[PDB]
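Engineer: Below are the structure tokens for one structure; questions will follow.
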Amino acid sequence: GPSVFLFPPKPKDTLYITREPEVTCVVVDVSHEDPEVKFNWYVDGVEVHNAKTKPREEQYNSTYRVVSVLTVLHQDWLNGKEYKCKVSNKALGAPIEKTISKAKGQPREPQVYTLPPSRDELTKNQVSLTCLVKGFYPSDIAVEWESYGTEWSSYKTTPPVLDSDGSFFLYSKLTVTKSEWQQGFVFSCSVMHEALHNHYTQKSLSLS
Amino acid sequence: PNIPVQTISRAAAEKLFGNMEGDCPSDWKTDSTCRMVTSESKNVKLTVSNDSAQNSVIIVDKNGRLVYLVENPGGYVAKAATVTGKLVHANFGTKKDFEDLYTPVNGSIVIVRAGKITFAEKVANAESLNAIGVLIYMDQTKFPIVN
Ligand SMILES: *[C@@H]1O[C@H](CO)[C@@H](O[C@@H]2O[C@H](CO)[C@@H](O[C@@H]3O[C@H](CO[C@H]4O[C@H](CO)[C@@H](O)[C@H](O)[C@@H]4O[C@@H]4O[C@H](CO)[C@@H](O)[C@H](O)[C@H]4NC(C)=O)[C@@H](O)[C@H](O[C@H]4O[C@H](CO)[C@@H](O)[C@H](O)[C@@H]4O[C@@H]4O[C@H](CO)[C@@H](O)[C@H](O)[C@H]4NC(C)=O)[C@@H]3O)[C@H](O)[C@H]2NC(C)=O)[C@H](O)[C@H]1NC(C)=O
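Taken in sequence, the protein lines are chains A and D. 237 is the number of the first residue of the first sequence in the deposited numbering; add one for each residue after it. Numbering-wise, the second sequence is residues 26 to 103, 106 to 174 according to the deposited numbering.
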């Protein structure tokens, strides 16, 4: 049987009015016998027809992957409207409903702190620069590392983790060659969050 | 001079060579470490800014993403611009060096040794072949300009 996965829009897309945020309804398994998929979109229970179905595409495991994309309004998403995706198939016993929305709470501003490498980590040819982003709500957040106005390729970010106070935190780890760190270059952690002034803050870090 | 030109240290050059492929002609009596062109997967990005503080030479991902900070040149050559491309060695950037050159300069950043001819000439020769930027380094061995 088909399986349905509803995804939220990218934080930056929802935060920046210059950008276009959209919800993605993904259909993972589509039968060869019954390829037909009907998509029905709903916003706060009201059906809309603004969405576009991407072309169906055969995967490496003889299963079609149908995706439907619905563009959402920035403040509709930020206010906490629910988006329901209804998938109908003859291969389905009943049509599948998935719902996503923004977490409805008081926004809390993220605290952003950068940490330098451990003295023990300088033994290695490569070192990690750490970016602690904590005490934020909701979970919606965008984190980039950069140097001299250029984004860093070599960095990875843990998913948000629920803290004890109902807030979220996470870590971002930029990996650089040690020599680049020792030469006193500046690395910056960029953080976008709705609670921030201009949905943006930046923390820099370098050799003392 | 519609293209940026920038001076780099011998160290920054060698770091750039570290990310290049090809061996130099025996004819240029260079070091072992010298290389001709950047590997497919990397390009250099050069930024010359009204703030000479934030000049930068960086090696970039096909995605324009950062791989290596190579330098922040303190000096300047007497165009403020940011350019991304392949880096190609052209020795002294003589018209001759250029005409002998295996890899074509068009659309690429050029790196040359300070040497036989003026900076002004090197830039013009390169600009003449549609290079998008010029790096210049001093190897210790010295080749006084003739006039
Ligand atoms: C044939 O081959 C296909 C490809 O290899 C394959 O398709 C795959 O099908 C599986 C199911 O078998 C499906 O699994 C789910 O994936 C969810 C996340 O997918 C993300 O990340 C993956 C990994 O990189 C990407 O491949 C996906 O495209 C998607 O990436 C995101 O895509 C969106 C839009 O494209 C972008 O906007 C994002 O930026 C992008 N991310 C990235 C990385 O680029 C995953 O979350 C699912 O986990 C949840 O459900 C599971 C139950 O199935 C639970 O085990 C698990 O706990 C999770 O539960 C959820 O928990 C959440 C916590 O907040 C709650 O919010 C949810 O309520 C709760 N939901 C549910 C329903 O439990 C899960 O792993 C694959 O994604 C899909 N695609 C790929 C590439 O694998 C076919 O299935 C293959 N055939 C066969 C025989 O399997």
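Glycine is no exception: its CB is placed at the ideal position from the N, C-alpha and C atoms.
Consult DSSP for D/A36 and reduce its assignment to one of helix, strand or coil.
Structural biologist: Residue numbering aside, residue 36 of chain D sits at position 11 when the second sequence is read from its first letter. It is helical.
Engineer: Under 8 Å by Cβ, that's how I've got A/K322 and A/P331 pegged, so tell me the actual separation to the nearest angstrom.
Structural biologist: In the first sequence, the residue the question calls residue 322 of chain A occupies position 86. In the first sequence, the residue the question calls residue 331 of chain A occupies position 95. The pair is a contact, with the Cβ atoms about 6 Å apart (cut-off 8 Å).
Engineer: Please classify D/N68 as buried or exposed, where buried requires at least 16 neighbouring CB atoms within 10 angstroms.
Structural biologist: Locating residue 68 of chain D in the second sequence gives position 43, counting from the first residue. Buried, by the Cβ-count rule.
Engineer: When the distance is taken between beta carbons, is D/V102 closer than 9 Å to D/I136?
Structural biologist: To locate residue 136 of chain D, count along the second sequence from 1; it is residue 109. To locate residue 102 of chain D, count along the second sequence from 1; it is residue 77. The answer is no: Cβ separation not under 9 Å.
Engineer: Say yes only if the C-beta of D/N88 is nearer than 8 Å to one or more non-hydrogen atoms of ligand 1, and no if none qualify.
Structural biologist: Here residue 88 of chain D corresponds to residue number 63 of the second sequence, with the count starting at 1. Not under cutoff, so the answer is no.
Engineer: How would you list, in chain order, the residues of chain A whose beta-carbon sits under 8 Å from the beta-carbon of D/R35?
Structural biologist: Locating residue 35 of chain D in the second sequence gives position 10, where the first residue counts as 1. Result: empty, since nearest Cβ-Cβ is about 15 Å, beyond 8 Å.
Engineer: Just checking A/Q295 against ligand 1 - is the residue's beta carbon closer than 8 Å to any of the ligand's heavy atoms?
Structural biologist: Residue mapping note: residue 295 of chain A aligns to position 59 of the first sequence, counting from 1. Correct: A/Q295 has its Cβ closer than 8 Å to ligand 1.
Engineer: At a CB distance below 8 Å, what residues from the region 374 to 408 of chain A approach chain D? Give them in sequence order.
Structural biologist: Residues passing the 8 Å Cβ filter: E382, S383, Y384, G385, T386, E387, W388, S389, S390.
Engineer: Buried or exposed for D/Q31, going by 16 or more other Cβ atoms inside 10 Å?
Structural biologist: Mapped onto the second sequence, residue 31 of chain D falls at position 6. D/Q31 is buried by the Cβ-count criterion.
Engineer: A/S442 to A/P352, Cα distance in whole Å?
Structural biologist: The residue you call residue 442 of chain A lines up with position 206 of the first sequence. The residue you call residue 352 of chain A lines up with position 116 of the first sequence. If I take the Cα positions, the gap works out to 8 Å.
Engineer: At 4 residues or longer, what runs of the alpha helix (DSSP H) sit wholly inside the region 359 to 416 of chain A?
Structural biologist: If we require 4 residues or more, the region 359 to 416 of chain A turns out to have no alpha helix (DSSP H) run fully inside it.
Engineer: Leaving out five residues before and five after A/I253 in sequence, what residues of the same chain have Cβ atoms less than 8 Å from its Cβ?
Structural biologist: Your numbering for residue 253 of chain A matches position 17 in the first sequence. Correct list, in chain order: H310.
Engineer: Looking at the strands, I want to know which residues DSSP matches up with D/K70.
Structural biologist: Against the second sequence, residue 70 of chain D aligns to sequence position 45. D/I83, D/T111, per the DSSP bridge assignment.
Engineer: Is it a yes or a no for the region 114 to 134 of chain D touching the region 57 to 65 of chain D, going by three-plus beta-carbon pairs under 8 Å?
Structural biologist: In short, these stretches touch, since the Cβ pair count reaches three.
Engineer: Given that D/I83 touches chain A, what residues does it touch there, using C-beta distances under 9 Å?
Structural biologist: Stepping through the second sequence from its first residue, residue 83 of chain D is reached at position 58. Result: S383, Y384, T386.
Engineer: If you measure from the beta carbon of D/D76 to each beta carbon in chain A, is any gap under 9 Å?
Structural biologist: Along the second sequence, one-based indexing puts residue 76 of chain D at 51. No, D/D76 does not count as interfacial toward chain A.
Engineer: Per DSSP, which one or two residues make a beta bridge with A/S424?
Structural biologist: On the first sequence, position 188 is the one that residue 424 of chain A refers to. A/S424 pairs with A/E382, A/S440.
Engineer: Ordered along the chain, which non-local residues of its own chain (more than five positions away) have a Cβ less than 6 Å from that of A/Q438?
Structural biologist: Here residue 438 of chain A is taken as the residue at index 202 of the first sequence, counted from 1. Contacts found: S424, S426.
Engineer: Just the Cα atoms here: how many angstroms apart are A/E380 and D/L71?
Structural biologist: Position 144 of the first sequence, counting from 1, holds the residue named residue 380 of chain A. Position 46 of the second sequence, counting from 1, holds the residue named residue 71 of chain D. Their backbone Cα atoms lie some 21 Å apart in a straight line.
Engineer: Curious, which full-length beta strand (DSSP E) runs of at least 3 residues does the region 134 to 162 of chain D contain?
Structural biologist: The qualifying runs are 136 to 140.
Engineer: For D/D86, go through chain A and note every residue whose CB falls closer than 8 Å to its CB, in chain order.
Structural biologist: Within the second sequence, numbered from 1, the residue matching residue 86 of chain D stands at position 61. Those are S389, listed as they occur along chain A.
Engineer: Under 8 Å by Cβ, that's how I've got A/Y373 and A/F404 pegged, so tell me the actual separation to the nearest angstrom.
Structural biologist: Taking the first residue of the first sequence as position 1, residue 373 of chain A is located at position 137. Taking the first residue of the first sequence as position 1, residue 404 of chain A is located at position 168. Yes, they are in contact, since the Cβ atoms of A/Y373 and A/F404 sit about 6 Å apart, within 8 Å.
Engineer: Give me the Cβ distance between D/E96 and D/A158, rounded to the nearest whole Å; I'm assuming they're in contact under 8 Å.
Structural biologist: Here residue 96 of chain D refers to the residue found at position 71 when the second sequence is read from its first residue. Here residue 158 of chain D refers to the residue found at position 131 when the second sequence is read from its first residue. About 20 Å; that fails the 8 Å criterion.
Engineer: Alpha carbon to alpha carbon, how far is A/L242 from A/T307? Give it in angstroms, no decimals.
Structural biologist: Residue numbering aside, residue 307 of chain A sits at position 71 when the first sequence is read from its first letter. Residue numbering aside, residue 242 of chain A sits at position 6 when the first sequence is read from its first letter. The alpha-carbon atoms of A/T307 and A/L242 are separated by roughly 13 Å.
Engineer: Would you kindly work out how many angstroms separate the C-alpha atoms of A/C261 and D/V85, rounded to a whole number?
Structural biologist: Locating residue 261 of chain A in the first sequence gives position 25, counting from the first residue. Locating residue 85 of chain D in the second sequence gives position 60, counting from the first residue. Rounded to the nearest angstrom, the two C-alpha atoms are 34 Å apart.
Engineer: CA-CA distance, A/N286 and D/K87?
Structural biologist: In the first sequence, counting from the first residue as 1, residue 286 of chain A sits at position 50. In the second sequence, counting from the first residue as 1, residue 87 of chain D sits at position 62. For A/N286 and D/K87, the distance between alpha carbons rounds to 34 Å.
Engineer: Nearest CA to the CA of A/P244: which residue from A/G316, A/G237, A/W388?
Structural biologist: Here residue 244 of chain A refers to the residue found at position 8 when the first sequence is read from its first residue. Per the Cα distances, A/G316.
Engineer: Considering only the alpha carbon of each residue, which of A/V369, A/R292, A/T386 lies closest to A/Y349?
Structural biologist: On the first sequence, position 113 is the one that residue 349 of chain A refers to. Closest option to A/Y349, Cα to Cα, is A/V369.
Engineer: Of all Cβ atoms in chain D, is any one closer than 9 Å to the Cβ of A/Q418?
Structural biologist: Position 182 of the first sequence, counting from 1, holds the residue named residue 418 of chain A. Cβ-Cβ to chain D under 9 Å: no for A/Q418.
Engineer: Which of the residues in the region 58 to 72 of chain D, read from start to end, lie with their CB under 8 Å from any CB of chain A?
Structural biologist: Residues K70, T72.
Engineer: Any heavy atom of ligand 1 closer than 8 Å to the Cβ of D/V139?
Structural biologist: The count along the second sequence starts at 1 and reaches residue 139 of chain D at position 112. Because no heavy atom of ligand 1 lies under 8 Å away, the Cβ of D/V139 does not count as near it: no.
Engineer: Based on Cα-Cα distance, which residue from A/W417, A/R344, A/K248, A/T250 lies nearest to A/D401?
Structural biologist: One-based indexing of the first sequence puts residue 401 of chain A at position 165. For the residues A/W417, A/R344, A/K248, A/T250, the minimum Cα distance to A/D401 belongs to A/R344.
Engineer: Output, in chain order, the set of chain D residues within a Cβ distance shorter than 7 Å of A/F421.
Structural biologist: Indexing the first sequence from 1 puts residue 421 of chain A at position 185. Neighbours of A/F421 on chain D, chain order: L94.
Engineer: When burial is assigned at 16 or more other CB atoms within 10 Å of the CB, is A/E269 buried or exposed?
Structural biologist: Start at 1 with the first residue of the first sequence, and residue 269 of chain A comes out as number 33. Result: exposed.
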